[PDB]
Amino acid sequence: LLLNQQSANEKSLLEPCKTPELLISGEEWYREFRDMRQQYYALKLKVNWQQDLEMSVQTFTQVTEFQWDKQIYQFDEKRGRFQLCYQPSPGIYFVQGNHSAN
Amino acid sequence: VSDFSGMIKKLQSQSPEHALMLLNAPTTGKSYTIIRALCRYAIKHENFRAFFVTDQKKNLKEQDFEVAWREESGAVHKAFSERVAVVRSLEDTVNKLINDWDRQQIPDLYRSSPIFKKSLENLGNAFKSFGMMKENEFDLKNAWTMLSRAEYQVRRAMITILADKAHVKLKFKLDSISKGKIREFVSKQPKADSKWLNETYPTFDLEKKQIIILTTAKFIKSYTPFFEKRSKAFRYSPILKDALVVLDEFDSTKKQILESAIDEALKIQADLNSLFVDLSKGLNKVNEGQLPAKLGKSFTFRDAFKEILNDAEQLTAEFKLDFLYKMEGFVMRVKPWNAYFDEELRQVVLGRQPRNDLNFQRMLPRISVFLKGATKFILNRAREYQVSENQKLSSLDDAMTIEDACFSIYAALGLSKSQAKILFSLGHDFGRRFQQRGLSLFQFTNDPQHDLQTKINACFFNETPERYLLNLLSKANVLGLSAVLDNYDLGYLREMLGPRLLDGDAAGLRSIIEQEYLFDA
DNA sequence: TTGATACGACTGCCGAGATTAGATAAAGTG
DNA sequence: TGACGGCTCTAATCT
DNA sequence: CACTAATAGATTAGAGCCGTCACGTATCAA
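Residues numbered from 1 in each chain as written, not as in the entry; some residues may be left out. Chains lettered and ligands numbered in written order. Part of a larger assembly, values for the part shown. Heavy atoms only, no water. Residues with missing side-chain atoms left out of burial classes, pairs and counts.

Per the PDB record, this model was obtained through cryo-EM at a reported resolution of 3.26 Å.

Take a look at the structure:
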């Protein structure tokens, strides 16, 4: 929980958050395709049951419209970390996955 | 039904010369008959392309055509839209695009992509601007250009979505290789998205479209291909090769053709003196080596190439077009001017004090007929270079629309764009006086921008609607579903076509045209 | 007079505003 | 079929 | 002219990837 309250920016504080997982991504980890599909990739941080920190890479792709059956992620640019989206919100939505070649 | 099918039957056999089909006359029921027979014909035979031409947008039977295809279709029916293509206008295409975008008519393949989303937003804004412009009662040219740019944006979006999807990239999009890959990819995996693509953009793969229902205005005012931005002309497209073009309301395909021809003639002007001398230098370029040879051979062969050149060189000395004319009202052709050659001035004068009048009035027709003959010769060479280039570059019916061929010939010969346009307009001509050589009006002018020379501006008209019908008769064969200067010249047609003809300043120019028509009659 | 072993491997800058005349250039109908 | 080896997406498993 | 309708996650388990196999330079031993 305390990790989930954190942020990537230097000299930050405890900001409330609703996303179960802490996914950290900035502007450097970002690329576009020929369809201009914004595709970030974050750094998932999680402490497992045996108190080991896991830093696995999570990749997110862009979807135009909301998907009520799939998980929808929105990039919080100010805090520099991805957030879960429970209701339709202004901005650009994201979903887990990386189907491009590289 | 069977009557119209039998009538259309003999056209393919008579397509050895692309015959006439007369004028089946009768009093909406007649139109509904042709669509059923045409549908059955196209369903029965795989290799046959029809060009049903109507006259009014409402008169187009888009609902009647679709309610006759499945009726004539067997169990192994085609995808309708994959064969039937209704050519639409930019305005209605934009309207349909917006309508499909709003209520999810378009498939999700082009919806999930964000570039399509932004292109449709831009298109909607541009269409709002177009509506405001239409409300303004203004010249629709600027707004049409803006709307065309907006639609080209989403068109290009479709290509950039399809290219990476298929096994290709490189984003002309390989107009000989990856175009085939795109068309093949959109023919095997899609089930419903292909239907929408074919229904919305029929020009994406036009060669495989069977029936082309379109209004006469769009039939004579070119069409915009999917991939390319510049609009190719219908009358020259390889698509029209060996086609059967039904002319519904054929009696009305006279005024439209004449009106378009008169605007085309008035719009494109050039100086006769400069245009002739420029052509002769380009013609002399051929004989004296030069040229890329690929084009050089054909020219050295077919002996008449040297006779046109020696004719040019002979009359150049006679009329001194090498020397620049000088001035100190229209001149129609079917108080007068003269021209000496004051050596002192080293030019020729044309002020009236008759000294050595070589009957300049006969100078004009000699140059006119020489230009006509040279342009026909260049047209034949352009056709040869066209067939050669298309044959070595085997491709999906898309190359050298023979406007490009003649324009390339003229650009290699060292001629300007306007001069090339005038020469091609004169050339595309392969009996009464009008239907033989037509009208040729000339008008002198002066300008402080060029005071040492006088531009002999020439307006040329040689494409009467009967000759347009004859050319459409060389490219394809017409039908006669139709039922003084608005009924063609059927006698002249029966004279020319012969064995195959039967069985079952705008205002000024207009006036002039009508006159000699009458005189000829 | 050369054969080892411990460490170098360097990216730029970072807006607003105001003034002109300039052939052109298509193809439409609810 | 340079191959080792971390590890990333993604199908699988598991309520 | 037209839409409404009304929609498993979370956590492992594995195939298959890229990418790293160090290189040109001062410098003490032998």
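**A look at the pattern of salt bridges**
All names here are of chain B. Considering all chains together, one arrives at 18 salt bridges over all chains under this definition. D271 is the partner of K455 in a salt bridge, and the nearest nitrogen-oxygen pair spans 3.7 Å. In this structure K455 comes out as buried when scored by relative accessible area, which is 16%. Taking the relative accessible area as the measure of exposure, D271 reaches 9% and is therefore buried. Residue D429 is joined to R467 by a salt bridge in which the shortest nitrogen-to-oxygen separation is 2.6 Å. For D429, a relative accessible area of 19% translates into the label buried. With a relative accessible area of 13%, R467 lands in the buried category. Taken together, the shared-partner salt bridges in this structure form one network comprising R302, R381 and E384. (Salt bridge = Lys/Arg side-chain N within 4 Å of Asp/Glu carboxyl O. Buried < 20%, exposed > 50% of the residue type's maximum accessible area, 1.4 Å probe, protein only.)

**A look at the packing of aromatic side chains**
As enumerated under the stated definition, the model contains 36 aromatic pairs over all chains in all. A centroid spacing of 5.3 Å and a plane angle of 40° characterise the contact between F82 of chain A and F94 of chain A, whose relative ring orientation is tilted. Of this pair, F82 of chain A sits in strand 6 (residues 81-85) while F94 of chain A sits in strand 7 (residues 93-96), and the two are 12 residues apart along the sequence. Judged by relative accessible area, which is 1%, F94 of chain A ranks as buried. Three or more aromatic residues joined by ring pairs form one cluster here, namely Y30, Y40, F60, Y73, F75, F82 and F94 of chain A. Sitting above the plane of the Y152 of chain B ring, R156 of chain B keeps its charged end 5.0 Å from the centroid. Looking at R235 of chain B, its charged tip hangs above the ring of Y468 of chain B, at a distance of 4.6 Å from the centre. (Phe/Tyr/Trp six-rings, centres within 6.5 Å; stacked < 30°, edge-to-face > 60°. Helix = DSSP H or I, 4+ residues; strand = E, 2+ residues; numbered from the N terminus. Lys NZ or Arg CZ within 6 Å of the ring centre and 35° of its normal.)

**Observations concerning the side chain of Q435 of chain B**
Inspection of the secondary structure puts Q435 of chain B in the loop between helix 16 (417-427) and strand 7 (439-443). When near neighbours in sequence (up to four residues on either side) are disregarded, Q435 of chain B contacts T464, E466, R467, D489, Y492, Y517 and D520 of chain B. (Contact = heavy atoms within 4.5 Å.)

**Structural notes on the protein's contact with DNA strand D**
Residue and element names in this part refer to chain A. Taken together, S56, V57, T59, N98 and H99 make up all the residues around DNA strand D. Per the 4 Å cut-off to the protein, sugar and phosphate atoms form 100% of the nearby atoms of DNA strand D. Within the backbone of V57, a nitrogen or oxygen atom sits 3.0 Å from a phosphate oxygen of DNA strand D. Taken together, the residues of the surface near DNA strand D break down into one nonpolar, four polar and no charged. (Near = heavy atom within 4 Å. Polar contact = N/O pair within 3.5 Å; in protein donor to acceptor, adjacent residues only side chain to side chain. Nonpolar A, V, L, I, M, F, W, Y, C, P; charged D, E, K, R; others polar.)

**What about the nonpolar core?**
All names here are of chain B. Counting 55 residues, the largest nonpolar core has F299, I367, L371 and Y410 as the members making the most contacts within it. The element contributing the most residues to this core is helix 14 (residues 360-392), with 11 residues. The residues touching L371, leaving out its near neighbours within four places in the chain, are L275, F276, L279, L423 and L426. Counting 31 residues, the second largest nonpolar core, distinct from the first, contains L90, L97, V154 and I182. (Core = buried A, V, L, I, M, F, W, Y, C linked by side-chain atoms within 4.5 Å.)

**Thoughts on the pairing of strand 5 (residues 72-76) of chain A**
All names here are of chain A. Within strand 5, four of the five residues are buried, which leaves it mostly tucked inside the rest of the structure. When strand 5 meets strand 6, the two strands line up antiparallel, connected through five bridges. Following the sheet pairing, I72 is matched in strand 6 by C85. (Pairing = 2+ DSSP bridges.)

**Side note on the environment of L309 of chain B**
All names here are of chain B. Checked against the element boundaries, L309 lands in helix 13 (residues 304-319). According to the relative accessible area criterion, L309 is buried, its value standing at 9%. On a C-alpha basis, the gap between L309 and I262 in space is 31 Å, while along the polypeptide they are 47 residues apart. With sequence-adjacent residues up to four places away left out, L309 is seen in contact with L283, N284 and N287.

**Here we look at helix 13 of chain B**
Residue and element names in this part refer to chain B. The terminal C-alpha atoms of helix 13 lie 22 Å apart, and with 16 residues this matches the ideal 22 Å at 1.5 Å per residue to within 8%. Within helix 13, the full set of buried residues consists of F305, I308, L309, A312, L315 and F319. One side of helix 13 carries all its buried residues, which in axial view fall inside an arc of 140°. For helix 13, the exposed residues lying more than 90 degrees away from the buried face are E313 and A317. Along its buried surface, helix 13 packs onto helix 11 (272-287), helix 12 (296-300) and helix 14. Of the residues one or two after helix 13, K320 is the one with positive phi, at around 55°. (Expected span 1.5 Å × (residues − 1). Arc of directions from axis to C-beta.)

**Topic: the sheet that holds strand 3 (residues 211-215) of chain B**
Residues and elements named next belong to chain B. The three strands are arranged 1-3-2 in an open sheet whose pairing can be described as parallel. Each having just a single partner strand, strand 1 (53-54) and strand 2 (84-86) make up the two edges of the open sheet. Relative to strand 3, strand 2 is paired through three bridges, and the arrangement is parallel. Residue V84 lies in a different strand from strand 3, and its bridge partner there is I211.

**Focus: the interface of chain B and chain A**
When the parts come together, some accessible area is lost, and that loss is often what is quoted as the size of the interface. Chain B puts 11 residues into the contact, and the matching count from chain A is six residues. Breaking the side of chain B that touches chain A down by element, the ones donating at least two residues are helix 5 (114-135) and helix 6 (140-165) of chain B. For the side of chain B that touches chain A, a count of residues per class yields three nonpolar, three polar and five charged.

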